[PDB]
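Q: Sequence plus experimental coordinates follow:
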Amino acid sequence: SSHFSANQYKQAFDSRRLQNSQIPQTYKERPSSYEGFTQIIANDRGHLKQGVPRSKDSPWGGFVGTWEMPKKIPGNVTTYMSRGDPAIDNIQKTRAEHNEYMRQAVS
Amino acid sequence: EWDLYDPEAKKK
Amino acid sequence: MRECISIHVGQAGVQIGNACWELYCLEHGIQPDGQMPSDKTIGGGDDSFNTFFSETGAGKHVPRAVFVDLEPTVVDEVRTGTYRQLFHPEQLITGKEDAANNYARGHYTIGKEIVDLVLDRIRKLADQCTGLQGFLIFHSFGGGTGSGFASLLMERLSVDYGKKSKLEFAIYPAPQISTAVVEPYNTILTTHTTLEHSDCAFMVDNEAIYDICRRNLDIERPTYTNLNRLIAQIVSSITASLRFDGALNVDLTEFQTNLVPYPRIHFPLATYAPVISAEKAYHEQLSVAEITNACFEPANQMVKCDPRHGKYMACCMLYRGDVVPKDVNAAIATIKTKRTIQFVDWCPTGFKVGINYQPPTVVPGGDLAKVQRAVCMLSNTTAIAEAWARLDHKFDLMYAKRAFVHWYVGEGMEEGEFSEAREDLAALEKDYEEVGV
Amino acid sequence: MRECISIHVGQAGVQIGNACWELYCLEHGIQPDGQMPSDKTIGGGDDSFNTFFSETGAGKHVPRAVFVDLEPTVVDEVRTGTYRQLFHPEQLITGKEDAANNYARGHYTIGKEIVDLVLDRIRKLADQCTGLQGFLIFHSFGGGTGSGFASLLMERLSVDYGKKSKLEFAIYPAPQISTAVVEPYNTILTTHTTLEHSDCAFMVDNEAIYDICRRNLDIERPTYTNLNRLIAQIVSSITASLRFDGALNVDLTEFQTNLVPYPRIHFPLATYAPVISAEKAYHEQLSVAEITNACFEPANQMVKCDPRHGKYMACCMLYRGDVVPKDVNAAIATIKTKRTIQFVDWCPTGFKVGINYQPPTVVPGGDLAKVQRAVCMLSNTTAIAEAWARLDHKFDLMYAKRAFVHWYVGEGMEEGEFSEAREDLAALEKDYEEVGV
Amino acid sequence: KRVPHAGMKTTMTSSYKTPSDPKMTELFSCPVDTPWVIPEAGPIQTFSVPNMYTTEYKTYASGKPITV
Amino acid sequence: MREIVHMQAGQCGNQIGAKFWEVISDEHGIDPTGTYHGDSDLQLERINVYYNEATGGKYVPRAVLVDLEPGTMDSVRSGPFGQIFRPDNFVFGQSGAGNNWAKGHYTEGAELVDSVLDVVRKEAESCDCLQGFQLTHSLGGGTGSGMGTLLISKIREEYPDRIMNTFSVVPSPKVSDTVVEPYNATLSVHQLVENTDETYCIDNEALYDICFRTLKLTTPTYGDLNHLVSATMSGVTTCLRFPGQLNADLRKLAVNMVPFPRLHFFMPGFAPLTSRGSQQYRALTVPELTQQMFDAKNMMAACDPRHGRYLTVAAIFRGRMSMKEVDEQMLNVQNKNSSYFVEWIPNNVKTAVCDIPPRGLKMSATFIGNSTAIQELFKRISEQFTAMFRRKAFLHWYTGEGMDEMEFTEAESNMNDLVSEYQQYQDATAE
Amino acid sequence: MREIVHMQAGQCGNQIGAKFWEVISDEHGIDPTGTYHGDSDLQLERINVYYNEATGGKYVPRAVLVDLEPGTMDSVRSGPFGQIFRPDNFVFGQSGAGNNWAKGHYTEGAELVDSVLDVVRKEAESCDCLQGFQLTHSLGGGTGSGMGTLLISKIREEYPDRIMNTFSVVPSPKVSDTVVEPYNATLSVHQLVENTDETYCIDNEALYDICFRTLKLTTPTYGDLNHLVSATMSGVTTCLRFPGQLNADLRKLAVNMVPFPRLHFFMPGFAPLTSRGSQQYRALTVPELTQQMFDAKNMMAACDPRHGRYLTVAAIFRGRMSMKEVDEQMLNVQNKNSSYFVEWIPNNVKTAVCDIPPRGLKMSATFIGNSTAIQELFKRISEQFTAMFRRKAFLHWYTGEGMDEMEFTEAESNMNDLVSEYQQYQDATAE
Ligand SMILES: Nc1nc2c(ncn2[C@@H]2O[C@H](COP(=O)(O)OP(=O)(O)OP(=O)(O)O)[C@@H](O)[C@H]2O)c(=O)[nH]1
Ligand SMILES: Nc1nc2c(ncn2[C@@H]2O[C@H](COP(=O)(O)OP(=O)(O)OP(=O)(O)O)[C@@H](O)[C@H]2O)c(=O)[nH]1
Ligand SMILES: Nc1nc2c(ncn2[C@@H]2O[C@H](COP(=O)(O)OP(=O)(O)O)[C@@H](O)[C@H]2O)c(=O)[nH]1
Ligand SMILES: Nc1nc2c(ncn2[C@@H]2O[C@H](COP(=O)(O)OP(=O)(O)O)[C@@H](O)[C@H]2O)c(=O)[nH]1
Ligand SMILES: [Mg+2]
Ligand SMILES: [Mg+2]
């Protein structure tokens, strides 16, 4: 669940030149540094103990299937130029509504 | 097991 | 390195794919069983086929195509045809029921049945490709698989692959020739869906290619085979520079940049010259200036839309053969000095020229004569607003009485998509008139 | 030295053991009767068979297996089959009556008379071998001896062996199809009593292998022999590093420590790639990247579940044949950059890869194509919480109305055992949910 | 009595046939041979220049007058 | 030991530079396999200006081939004189910017500049003097304009004082060959003005006119165009590469060319040029060499020098001649054409003479000129830019790849200031 | 006559050391049977360093082979050059650690370290000078890490003054190769810091890119990977075996690099590296050799010395060359890349030169670096360790093999302290 970069070897190990032309999964490269010792924050079962902060995301990840994807996809325009102001408002509105639909499907 | 799923089994 | 994944959706798309893959096999010297003709010496140890045909370790050249149709036959005809050994068995995808000229069936109920499988095949082909130039989607706006499932596949491809180039070949509905009644409904809905999920959608139509076959080739019974052969020649002249040596090289990712001025104006025309028969090729000189004038003549068009009524916004000229750039510049400057051809004031530099050394390929048993030079001309006139007006008038004519709507309602779409589709096309027409003025 | 005793329990275990030992004898060159075929390797000792075979003074190779069924039908078929001379007679003990799909009957009343004999035979087979790696125990959760007697066997093996590995190959019940009706009871009970006594339980669910044979192998009506051959190929790819030379050797003790994060979660999923047939393997090459993508594809797992709806804990990739570590690294890195594959946050590094040079062995008359290379993936992921919750709901629907409980009550078992088993699987579902946060 | 020539003969199987034609040679090779041979530039062509590859330093202590 | 690092980017770059290498190799006696089959030691004395010594007689060119898409680079490495280049000097991408300055400058082109600068740094610190870098790029394209100007900017930051010579194939007055070439040309010349110290503007229509009029040639093909351009690349380096009566390297040429830092756009020229059957009418001499140089026909730009005023002009002669004859010819040209030269600079002609001519020719001459007629080219590009920019056409393709309108406005104003500077120095009087 | 004893632990150690004995038998002329068939007497002239002499012409290696299963040593024995090892030096158990550091260090490796120690003590008292020990293993396995570190601890208890070398195949940033690598590496580095004199951290991914980009080679195979590692060891050790103009043994190397006792983690590098078909374009000079050394892509670890700062650099030129070219190239690379060099150590490069290049090579060069950039590797390992130890991933194996959690906390604290001192000496200034 991490890559932590490869310094010199960023010529390879990107998805586009690894013959994966889809959208990359972004990780946290340039790993950080700690001072030493960790809190145990878990029992012998893998459970998070009482008191620790827990993510509000779904424990099964987010994968919106074909039959629960929204029937409308925005368009991936990311330009907002030479459009009318109602057109830009329409694109922003449908982007917000479809992001809300994906968040509904995830959680 | 070709006799079980031969496409011409019921023909032949 | 050059990779084009060719998706043929619909019965029209699959038949055009048959023609184009016959043409590419002939051009790269691949037999219909998918092998070099028992020799590795034609072209030497070449790998120029890599743009279309994936190659295994034994000599089998499997193509990079996905043939999709919900109905059986046609795809099963490819399965049991002469090109049976060439195509991979999972490359040809077939459903049980037919979309039955219904955008709702193609987009919501039956189209979503196979879309995960088609995307899985496209994903495997893309992972096999060593760097995609883009997708080539062949379909028709007539309705069903070529409309609803084509729009759905484009929408999901825009979800998954992001900013990947998608070049479209659409059989646009003819102005008066029609083989269905819900062609305006399907065309309006498909265009509304694929305004944002598209890059550059080349248009052809059967009526203008019929007129071309009747006038030039002198064929009194042009079937779909001849139509698909000219469409195959068009797409081959489009993709020739990725696989043949040329003086000016053009790739698949420049047709959006040099032909789409504004993000909704992405519906270019298509022309091929010289479309000629043998007895007329014996008479005609077929020089560079002659074919260059023949491209801009408003009778060689394949979209059945007179470009004198509109203004040219961009052009992409694709010369192939023993054509010289000096005469190319001379002819394309005489066209600019000509007054019949009229350009928009905001595009002085309105041409993209690409010259390839490879002469055009003559199919055996074909109808085109053997020529040494050819031009594939790719215009972006605003004359197509006439066709949009005629289509929108037909849509409103059947929509005021709300005819044929209950099929779409019962198969999974409400009146809101109809209304916003007509609104989007009216906005598109206003955009065309604004970019014209 | 790298010895592995295989204990096959039940009809399912005996039949998959038949297929496994056919594959083992074929790949080690053993004739079915008892010996090497005379002139084959006269000077070469070729002592790679010592993992699964022992040498006597008569020059007969004797397998290190124990076949147990409480019904003398499948064991009698083995004793009268083609491999009637391969097996030692005391390695195939059998009972007089079967459990007839009853955990209580197979564990408490008629499973107490075969347990002493099977532990005596296991003791003899362990004292005969020097350096035991672990027990490969092949059985089914469907009920009877595979759920009761196998669990009693693990309970005794925990007492008298301890730290030795106990790799289960367990037939998991299908989401839809079924043979018995009290198998939810049998599965819940056997899972409750094997959670703290096994080490790593590979799920080899039958419905997914049915659809795999229907999809990749083009078999309209697959059968138990085909599924047994696939499971035999799975276990051969698992154990091949103990017999053949390999670049990255993996033993039985690495699978537990690399696939079991917590002592409750020890149920990984096996899958194979490619499982393509010959007429389609002719069409395209099967490289390391393609077989890795085939393993990570959702419609190739040998359990009917979608791993995209869960989160991976840890994957094991056993590459087998003509594979290279750089293509392995490139494939795994491409998988990690893919978006549809998501790992759990506490496992930053989450693969265990073993490269082996021996190609897969082809059984004559089989269905799998001959390939240069293949890969067995053993993935531990949270996606099987669907299977656990569905099976638990099937248990609850029957235990609400006390259906089929009087059999277990009469055959020496209290309903407190049922209550504790249900509570234990509740805790298991809570663990599987709580891991993913 | 089914008609013999147009009775059962599908359009694709009658049109998209396997390619076979005696004129496949002209598709990839011209029957007209090339009317030249061209060698590289030679020493008699690069040394036909009068006083070639010599500079003005070579007229010192040479004994010949400068007509160049 | 003034080394020169060569850089060919884009399709036009990878064609023109390949022709340049196969016309330099014949002058220096390098065969297609890379060995030295030379006639005199003068070819081998200064071979380190363009080549690195290898095992045996092998000499590998110091060229970097940059492209975001294979293609014409495969064609030039599969053609003749393509196996002499080192395989590590072939930095290629996989997508291609493709007539998009934004895509070539601020996208996947920018994740190749690390490898290109690694190769350039290797070939640069494998030197001792390092006169300069030269680029062969193609204003009007995606990977020629954008990526090329990005390389120019980065290498100018790394090496400020060294020469940054560029050969720019500028857009044409008639015929476009690219729809977005005003945008690409403006956005590239904005970088060129601030970064490069000398830039030679070659125009394809001018090459067509020369090949069609001075050379007839019926069917020219791009090989002859690249040969003309390559001959003028060799004409400005022949003083470094061979001894002469009056040497002038690239820095001497720059100093005697540019009067002000923002006037580094020259119009090159090579004028021993006859037709096929026209050797019998022109017995080549210094006076007709000079009038063929100063003729408007044999100028490789659409800018007519009669529609302007020659600020400065340099002439690199090669071959055997008299310095009195050369200087009298240039004085006679200046004295006859007084109004076509600026009156506040006397003797606008900088002459250099090399003893070694190109092979075949008895003697040759290279013409380069800083004139005020290049304001016509920049004004045409400004006119087309302000035609395309008022309606925001073909501009979402840049702003979606990630730039803003402020860069276009700044580039337009910079090129307008360039036009204004050329105009005010055209009509400036002495007193 | 200074002897060193070689130990291999685990699968990686066994294969890498088998290839190492193969290459150093090839360069000394030892045939697989064990006799001598060398050309010159210099091959056997210092044969006592790595080989003990049996009766007759048999030259057994000074090697100890440890793995908890017969396994990989079975493959090595039934491979080429596997009959030279003494059968009494194969020390093995029955169970085999399942990539468990606790099993390799406390349970399974506990009742085999006595036999390994008796073998090592015998084979070391058979020596005459006993310069030191070198061990090949990985920090990602069960018996490679745990048993190897136990061996290191016991050997440092036995002989506290001898030189200790470890070759430490570290976990890779990309791919996994084992899922319990953070635990194994954190538990092994905590032992390597306080018990090893010098450590060459070697990365599979860095070796992959070295073998596949700078050598092409398509399918690289662990034979070539382990041979690159073995070539680095030979270049390290060569001053014991062959004469030179300026020799440097292991103690000179360790004194001239290691500034402070807990900073002995190095990055190796072997820098003749020619791709297939580029030797014709290769120039084969001392500056090119030094440039191929001091390139970041040529390191055998994932860490970037351009991101970090070099503390001490050791360069051994194994072959015939000039003190001019060597010393001036070291001075030039330092003075150009003074940013990637600590200012408080003036001229922080040790130079050694041998006289015998590899067979089939004119000159070779091994590179050892002690940059502060290697803290990135420990940061990666420590962060993955935190991510696992927060949720107690795979910890029940380590706790059930009789080992507590304060061992994990102490190991993590020691690694974080190591990163702290590396960063401190990176950002510390001169004055
Ligand atoms: N050029 C060309 N056009 C075709 C061909 N076949 C069909 N068309 C056009 O396609 C339009 C109808 O769309 P179809 O492709 O037949 O419909 P579909 O994609 O199969 O979807 P369904 O109707 O639901 O089966 C007609 O108006 C034709 O003009 C062909 O072979 N060549
Ligand atoms: N893959 C596979 N599964 C089998 C095979 N035979 C039986 N099964 C599975 O086993 C289940 C039936 O229960 P069994 O395992 O045969 O019961 P048993 O172990 O023989 O014990 P009893 O019920 O007392 O006879 C079915 O649901 C099958 O899924 C086989 O040959 N191959
Ligand atoms: N002189 C010359 N010009 C060329 C050559 N090839 C292309 N061009 C010019 O370059 C322009 C197209 O630029 P292009 O090569 O596509 O730019 P790129 O996409 O960045 O590589 C056209 O106007 C051509 O006139 C060549 O070989 N010689
Ligand atoms: N370079 C190289 N690395 C290896 C080889 N064999 C194993 N490795 C590395 O060693 C690590 C696994 O350690 P392993 O050998 O299993 O340790 P062990 O379990 O204690 O024997 C992996 O990260 C591999 O990359 C080899 O032959 N060459
Ligand atoms: Mg149809
Ligand atoms: Mg039974």
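A: Thanks, I have the structure now. Residues are numbered from 1 along each chain as shown, chains lettered A, B, ... in the order given. Ligands and ions are numbered 1, 2, ... in the order given.
Q: distance between the ends of stretch C:377-385?
A: 20 Å (Cα to Cα, to the nearest Å).
Q: and it, how far out from the chain's middle?
A: Chain-centre distance of stretch C:377-385: 15 Å, with Cα atoms, centre = their mean, to the nearest Å.
Q: now swap in stretch F:66-80 and tell me
A: For stretch F:66-80 - counting by Cα atoms, centre = their mean - the centre lies 20 Å from the chain centre.
Q: Repeat that for stretch A:86-93.
A: How far stretch A:86-93 lies from its chain's middle: 24 Å, per Cα atoms, centre = their mean.
Q: Enumerate residues external to it that contact any of its residues.
A: A:74-75, A:77, A:80, A:83 (Cβ atoms under 8 Å, 6 or more residues apart in numbering or on different chains). In this view, the C-beta of every residue, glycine as well, is placed from N, C-alpha and C.
Q: quick one: which of those residues is nearest residue C:203?
A: residue A:75 (20.7 Å; Cβ to Cβ).
Q: The closest one and residue C:196 touch, don't they?
A: Yes. Between residue A:75 and residue C:196 there is a contact under Cβ atoms under 8 Å: 2.8 Å.
Q: so residue A:70 sits in a helix?
A: No. Applying DSSP: H, G, I helix; E, B strand; the rest coil, one finds residue A:70 to be coil, outside a helix.
Q: Quick check, it in contact with residue A:104.
A: No. Shown here, residue A:70 and residue A:104 do not form a contact pair, counting by Cβ under 8 Å, at 9.2 Å.
Q: Quick check on the two: which one has the bigger neighbour count.
A: Comparing residue A:70 with residue A:104 by other Cβ atoms under 10 Å in any protein chain shown, the one with more neighbours is residue A:70, at 16 against 11.
Q: before we move on, back to that, what touches both of residue A:75 and residue C:196?
A: Shared contacts of residue A:75 and residue C:196, counting by Cβ under 8 Å, 6+ apart, come down to residue C:158.
Q: can you give me the helices for chain E?
A: Under the criterion DSSP state H, chain E contains helices at E:11-15, E:25-28, E:43-46.
Q: which parts of stretch C:427-437 are buried?
A: C:427-428, C:431-432, C:435 (16 or more other Cβ atoms under 10 Å in any protein chain shown).
Q: no, scratch that, I was asking about stretch C:325-341
A: Quick answer for stretch C:325-341 (16+ other Cβ under 10 Å): C:325-333, C:335, C:341.
Q: Same question for stretch C:305-321.
A: C:305, C:307, C:310-321.
Q: related to what we said a few turns ago, closest to residue C:3 out of the helices of chain E?
A: Across these, residue C:3 has its closest neighbour in helix E:25-28 (24.4 Å, Cβ to Cβ).
Q: Show me what the closest one is in contact with.
A: Residues contacting helix E:25-28 (Cβ under 8 Å, 6+ apart): C:26, C:29, C:42, C:361-362, C:370, E:31.
Q: Make sure residue C:5 is indeed in a strand.
A: Yes. Remark: residue C:5 belongs to a strand, assigned using three-state DSSP.
Q: what about the residue of chain E found nearest ligand 5, how many residues close to it?
A: The minimum distance from chain E to ligand 5, using Cβ to the ion, falls at residue E:12 (14.2 Å). Residues lying near residue E:12 (other Cβ under 10 Å) number 19.
Q: My read is that it contacts residue C:81, right?
A: Yes. Shown here, residue E:12 and residue C:81 form a contact pair, counting by Cβ under 8 Å, at 6.1 Å.
Q: what residues are shared contacts of the two?
A: Residues touching both residue E:12 and residue C:81 (Cβ under 8 Å, 6+ apart) are residue C:18.
Q: which SS state does residue C:167 fall under?
A: Per three-state DSSP, residue C:167 ends up strand.
Q: Just give me the neighbour total for it.
A: Based on other Cβ under 10 Å, the number of other residues close to residue C:167 is 24.
Q: which residues does it contact?
A: Residue C:167 touches C:134-137, C:199-202, C:238, C:252, C:255-256, counting by Cβ under 8 Å, 6+ apart.
Q: any bit of the strand or helix carrying residue C:328 sitting next to chain F?
A: Residue C:328 belongs to helix C:325-337 when elements are defined using DSSP states H and E. Yes. Judged by Cβ under 8 Å from any Cβ of the partner chain, helix C:325-337 comes into contact with chain F through C:325-326, C:329, C:332-333, C:336.
Q: from these, which is closest to ligand 2?
A: Closest approach between the residues of helix C:325-337 next to chain F and ligand 2, by Cβ to the nearest ligand atom: residue C:325, at 69.1 Å.
Q: contacting residues for the closest one?
A: For residue C:325, the contacting residues are C:247-248, C:353, C:355, F:208, F:220-222, by Cβ under 8 Å, 6+ apart.
Q: repeat for residue E:11
A: Counting by Cβ under 8 Å, 6+ apart, residue E:11 touches C:223-225.
Q: ok, residue F:241 to residue A:4 distance?
A: Using Cβ to Cβ, to the nearest Å, residue F:241 is found at 51 Å from residue A:4.
Q: Apart from its chain neighbours, what residue comes closest to residue C:84?
A: residue C:78 (7.6 Å; Cβ to Cβ, 6 or more residues apart in numbering or on different chains).
Q: Just confirm the one you found is within a helix.
A: Yes. Counting by three-state DSSP, residue C:78 is found in a helix.
Q: was I right about it contacting residue C:18?
A: Yes. At 6.3 Å, residue C:78 and residue C:18 qualify as touching, with contact defined as Cβ under 8 Å.
Q: any residues in contact with both of those two?
A: With Cβ under 8 Å, 6+ apart as the test, residue C:78 and residue C:18 both reach residue E:12.
Q: these two touch, right, residue F:25 and residue F:81?
A: Yes. Under the criterion of Cβ under 8 Å, residue F:25 makes contact with residue F:81 at 6.3 Å.
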